[PDB]
C-alpha cells in the first residue's frame, strides 16, 4: 500500500463530471472542479485542466495524469506550509500518506487550520489526535473517509486499506478479499468455466451482511455485466467496488 493506491481506493475513477457526496462537481480520481452549482463552470475548469474541449468527458490516461498532478500539488502544498511541513517531516511513511490524503481532499489551507490535531500528531499523541480529528467539520461531512484516514494516523498501519488478490491453486483462481466486517481477508475459489461475475458478487454478499453494494468495473470504469464468465473477467485487470471502496485487482498471466 502507498499514497497512490490509498487515494484510488478512496476516490475510484469516473470519466464524466459528477457530484461528490457534498454535491460538488468532480471528475477523474477525486479531482474537484468547483463548489458553485454551475455545470458550465465545471466544464470550463475541466477544459483548462486537460488542455482541450472535453465536453465533460475524459480518458483514463487524462484522469491518471490529473491525479498525479493533484498528488504532487498536495505534497508541494505541505512542504511549502509552515504549519504542515514540520508535522509531515516528523511522521513515518504511513502517517505521511494520511496527511497527504487530507491535503488532497480538503487543500493545504483547510488542513493547516487543524492547529490542535497537528500539534498532537507532531507530539506522537496518536489517540488524542484521532479523538480530536473526529470532532471536525471534515469528519462530519465525509465520516467514512475520515474514519479510514484517522485509523491510519492512530495506528500508523494500513489496517483501513486492504487489498484484493488473485492466485491460482490446483489450476483454479483463488480471490482473497478484504470484507468490511472483518480485519482479515476471506478467500473465494471460483470455477472459471462456469461461474460468473454475478455468482462471485453473490458469494461476497452471502459472506458479509455489512456489504450494501458490490460491483465490478473495467480498468476504464465501465460496469461489467453480471453474466460475464469469470474466465473472461480474469483476462485483464478489474476494479471491485465494495460499499464506498474501490479495489484494483491484477490477476496473474
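Numbering follows the first chain given and starts at 1.
Two stretches are in play, 158 to 166 and 140 to 148, and the higher mean C-alpha B-factor belongs to 140 to 148.
Comparing 22 to 30 with 40 to 48, the stretch with the higher mean C-alpha B-factor in the PDB entry is 40 to 48. Of the candidates 105, 123, 109, 176, it is 109 whose Cα B-factor is highest according to the PDB record. Which of 69, 53, 189, 196 has the largest Cα B-factor in the deposited entry comes down to 53. For residue 84, the recorded CA B-factor ranks within the highest third of the chain. Only modelled residues enter the ranking. Annotation for residue 223: C-alpha temperature factor in the lowest third relative to the rest of the modelled chain, per the entry. In this PDB entry, the Cα temperature factor of residue 101 sits in the bottom third of its chain's modelled residues, the lowest group. In the deposited entry, the Cα temperature factor of residue 202 sits in the bottom third of values across the chain's modelled residues.
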